[PDB]
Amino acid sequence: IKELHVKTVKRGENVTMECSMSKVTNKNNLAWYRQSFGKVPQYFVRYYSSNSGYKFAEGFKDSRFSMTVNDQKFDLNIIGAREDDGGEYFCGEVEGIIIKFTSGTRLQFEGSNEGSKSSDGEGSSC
């Protein structure tokens, strides 16, 4: 039962969550579904017989997101990396009346450590 790839960084980066293709099946039932923290996972963007090769869910505005898709890949990408990006991401192919997430990813941002003037202290990592 596979582990969610854990991947920390911070504001401005760019980050790539790699789902494979690769033992994948009916492309058209292939997805990502974004899960922000404490919410319920929604479908987010799907594969799409075209050049780029995807389409984001209708409910959805953000130039920052895209994917490299081709025969091997089905990766999301984000340019610069805000923080409410913070979430889990699973990529799954609905097949049957079941979806079998063949991967996804946790991306948690800052850590943190941000230029001394305002606030509490004590590091850390207690």
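From 1 onward, residues are counted along the sequence shown.
Just going by the entry, 113 to 121 versus 100 to 108 on mean CA temperature factor gives the higher value to 113 to 121. Higher mean CA temperature factor between 41 to 49 and 57 to 65: 57 to 65, per the PDB entry. Note on the listed residues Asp75, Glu93, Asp71, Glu83: the highest Cα temperature factor in the record is that of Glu83. Among all modelled residues in this chain, the alpha-carbon of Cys126 has a temperature factor (C-alpha) in the highest third.
Among all modelled residues in its chain, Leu4 ranks in the middle third by Cα B-factor. Annotation for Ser20: C-alpha temperature factor in the middle third relative to the rest of the modelled chain, per the entry.
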